[PDB]
Amino acid sequence: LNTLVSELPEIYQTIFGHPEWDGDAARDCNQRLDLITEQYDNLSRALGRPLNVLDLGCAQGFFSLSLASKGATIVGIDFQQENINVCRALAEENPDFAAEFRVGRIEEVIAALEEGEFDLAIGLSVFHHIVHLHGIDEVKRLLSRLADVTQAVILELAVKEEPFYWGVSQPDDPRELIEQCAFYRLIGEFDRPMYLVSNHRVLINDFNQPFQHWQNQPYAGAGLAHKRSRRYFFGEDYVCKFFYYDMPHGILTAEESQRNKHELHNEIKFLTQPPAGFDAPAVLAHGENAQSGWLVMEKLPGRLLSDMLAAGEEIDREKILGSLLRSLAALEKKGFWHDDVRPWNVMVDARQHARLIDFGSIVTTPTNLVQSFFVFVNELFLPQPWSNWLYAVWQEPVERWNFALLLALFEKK
Ligand SMILES: Nc1ncnc2c1ncn2[C@@H]1O[C@H](COP(=O)(O)OP(=O)(O)OP(=O)(O)O)[C@@H](O)[C@H]1O
Ligand SMILES: C[S@@+](CC[C@H](N)C(=O)[O-])C[C@H]1O[C@@H](n2cnc3c(N)ncnc32)[C@H](O)[C@@H]1O
Ligand SMILES: [Mg+2]
Ligand SMILES: [Mg+2]
């Protein structure tokens with residue numbers, strides 16, 4: 001071992017189980033391990049078993065042995081013979097660690113990966129070299145591939161502003177390397193951001209679950225209103241709203257950024273403590289960091305009224321309207337209003353019962369929202385008896401218009 005460590009061109013990491021070398025090492029390593037193992041455990045638990053882990057550019061093997069040290073079956077790749085020779089030496093000293101090391105290039109290793117081989121892959125301070133060599137677009141395709149064949153990827157990414165010659169080749173924002181992947185979240189920063197990424201699972205600390213589908217817009221036909229700053233992930237029994245407070249390319253203004261904040265805090269305040277006698281979807285998890293915030297809630301069944309109308313579906317307008325008026329009256333009695341009641345925020349189930357979603361639209365201060373509900377009634381459809389209903393409402397003075405009165409009048413023929 002002694003000789004193998006002199007044979008290293010550089011001592012990059014702490015050498016595992018050998019404090020004699022801790023001054024020679026360029027990187028102290030512990031702060032980043034505690035974040036990596038914290039995520040190892042989360043995903044280990046969610047999968048229900050120990051993990052297969054791929055350590056890309058493993059250096060002197062510190063992170064792979066540290067993980068093998070907890071039942072992980074690891075593979076370590078580095079393109080320097082000297083590095084792996086040290087890795088195996090350390091692995092031989094720890095003989096019951098399931099630990100294997102290969103001399104290889106990340107580009108080829110990733111190219112040859114089959115889906116499921118590894119649950120977790122780790123790429124710390126290595127992709128910048130590859131961006132310099134092969135370019136931004138080639139590295140995005142490597143990382144898409146790597147995310148597709150694993151459940152989770154941890155990356156620590158060098159940034160352009162660093163005073164090295166390869167800095168100029170890097171994108172403006174390190175998020176440019178991973179924004180094409182479905183899910184990403186910043187989990188730390190050192191002296192360099194560290195991201196947890198996945199194309200298969202929502203990875204929040206208390207909510208680690210696969211998703212079947214995700215979208216970068218709220219509904220068919222929403223356009224680009226949120227400038228792609230909100231992501232929506234659909235599981236079996238949940239929906240996760242993930243809002244970025246800040247985006248690459250500077251595209252989100254300060255006001256757009258506040259909008260993402262207010263709307264999310266507000267929804268959480270509401271769903272966390274909803275007014276008695278109001279069936280609101282349950283909060284399964286929520287949190288935020290400096291970059292973003294998230295809310296995970298129970299998935300209501302059915303389809304958006306907007307899509308049912310788009311597909312020309314046969315709907316019961318009486319049942320949709322009554323159920324929707326019953327809950328708007330109910331909210332109103334308890335001092336709440338929804339300021340965005342439109343087809344695309346109404347979910348309709350198989351029995352034609354209608355529920356609101358998008359509860360960040362809730363305000364707690366009436367006629368102006370009733371007025372606007374007439375646009376909704378109009379989008380919904382005037383035949384009778386709904387022409388009479390509406391004229392009955394219009395005989396009252398506008399100041400008197402509210403949802404109790406819309407509902408009362410609607411219950412008379
Ligand atoms: N509880 C839920 N159950 C089922 N689907 C939901 C639920 N919450 C949200 N959705 C779906 O996710 C989409 C986005 O949700 P929502 O409309 O609440 O987000 P938003 O960010 O407020 O967007 P916008 O205000 O632009 O409509 C909805 O259009 C709907 O398809
Ligand atoms: C700066 S280090 C990072 C070490 C370790 N992941 C960490 O952060 O502690 C970069 C490592 O990646 C290896 N490396 C760089 N480019 C590589 C490539 N294309 N293929 C394989 N290994 C590479 C180097 O040999 C070196 O050990
Ligand atoms: Mg909506
Ligand atoms: Mg909304």
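In each ligand, atom 1 is the first atom listed, and ligand 1 is the first ligand listed. If you read the sequence from its start, that first residue is 1, and numbering goes on from there. The figures here come from the full heavy-atom set of this structure, side chains too, leaving out hydrogens, waters and symmetry mates.
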Original post:
Atoms of ligand 2 less than 4.0 Å from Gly104 heavy atoms?
Top reply: 20 (N), 21 (C)
Original post:
Do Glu288 and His265 get their side chains close enough for a donor-acceptor pair, meaning under 3.5 Å?
Top reply: yes
Subject >> Flag for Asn260-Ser257: side-chain donor and acceptor within less than 3.5 Å >> reply: no
Original post:
Do NZ/NE/NH1/NH2 and the carboxylate oxygens of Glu332 and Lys334 come within less than 4.0 Å?
Top reply: no
Original post:
What are the atoms of ligand 2, with element, lying closer than 4.0 Å to any heavy atom of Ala59?
Top reply: 4 (C), 27 (O)
Subject >> Ligand-residue contact atoms, ligand 2 with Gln13, heavy atoms, under 4.0 Å >> reply: 5 (C), 7 (C), 9 (O)
Subject >> Proximal ligand 2 atoms for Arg32, defined as those under 4.0 Å from one of its heavy atoms >> reply: 7 (C), 8 (O), 9 (O)
**OP:** Just need the protein heavy atom nearest to atom 10 (N) of ligand 1, so name the residue and atom and give the distance.
**Re:** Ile357 CD1, 3.7 Å
**OP:** Mind checking whether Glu298 contacts ligand 1 via backbone (N, CA, C, O), side chain (CB onward), both or neither, at a 4.0 Å heavy-atom cut-off?
**Re:** backbone
Original post:
Backbone or side chain, does any N or O of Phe79 fall under 3.5 Å from an N or O of ligand 2?
Top reply: yes
Original post:
So, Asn345 and the Mg ion (ligand 3): N/O/S under 2.8 Å, yes or no?
Top reply: yes
Subject >> Heavy-atom proximity to atom 16 (P) of ligand 1, best of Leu304, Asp358, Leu271 >> reply: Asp358
Original post:
Which is it for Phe234 and ligand 1 at heavy atoms under 4.0 Å: side chain, backbone, both or neither?
Top reply: side chain
Original post:
Side chains of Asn42 and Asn208: donor-acceptor distance under 3.5 Å anywhere?
Top reply: no
Original post:
Just which atoms of ligand 2 are under 4.0 Å from any heavy atom in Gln80?
Top reply: 25 (O)
Original post:
Does some side-chain heavy atom of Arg185 sit less than 4.5 Å from a side-chain heavy atom of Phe183?
Top reply: yes
Original post:
Regarding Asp148 and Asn199, is there a side-chain donor-to-acceptor distance under 3.5 Å anywhere?
Top reply: yes
Original post:
Between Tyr232 and ligand 1, does any nitrogen or oxygen pair lie at a separation below 3.5 Å?
Top reply: yes
**OP:** Pick out which of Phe233, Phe242, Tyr238 makes a ring pair (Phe, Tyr, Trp, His ring centres under 6.0 Å) with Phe211.
**Re:** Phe233
Original post:
Has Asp340 got an N/O/S atom less than 2.8 Å from the Mg ion (ligand 3)?
Top reply: no
Original post:
When you look at CD of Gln212, are more than 12 heavy atoms from neighbouring residues, nucleotides or ligands closer to it than 6.0 Å?
Top reply: yes
Subject >> Cation-pi geometry met for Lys70 and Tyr40 (6.0 Å, 45°) >> reply: no
Original post:
What part of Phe62, side chain, backbone, both or neither, has a heavy atom within less than 4.0 angstrom of ligand 2?
Top reply: neither
Original post:
Which of the atoms in ligand 2, numbered in the order shown and given with their element, are less than 4.0 Å from a heavy-atom of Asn83?
Top reply: 25 (O), 27 (O)
**OP:** Heavy-atom contacts with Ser125 under 4.0 Å: which atoms of ligand 2 show up? List them by number with element.
**Re:** 1 (C), 2 (S), 3 (C), 10 (C)
Subject >> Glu7 side chain to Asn85 side chain, donor-acceptor N/O pair below 3.5 angstrom >> reply: no
Subject >> Where ligand 2 meets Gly57 - atom numbers and elements under 4.0 angstrom, heavy-atom basis >> reply: 4 (C), 5 (C), 6 (N), 11 (C), 12 (O)
Original post:
Are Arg27 and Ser125 close enough that a side-chain donor and a side-chain acceptor fall under 3.5 Å?
Top reply: yes
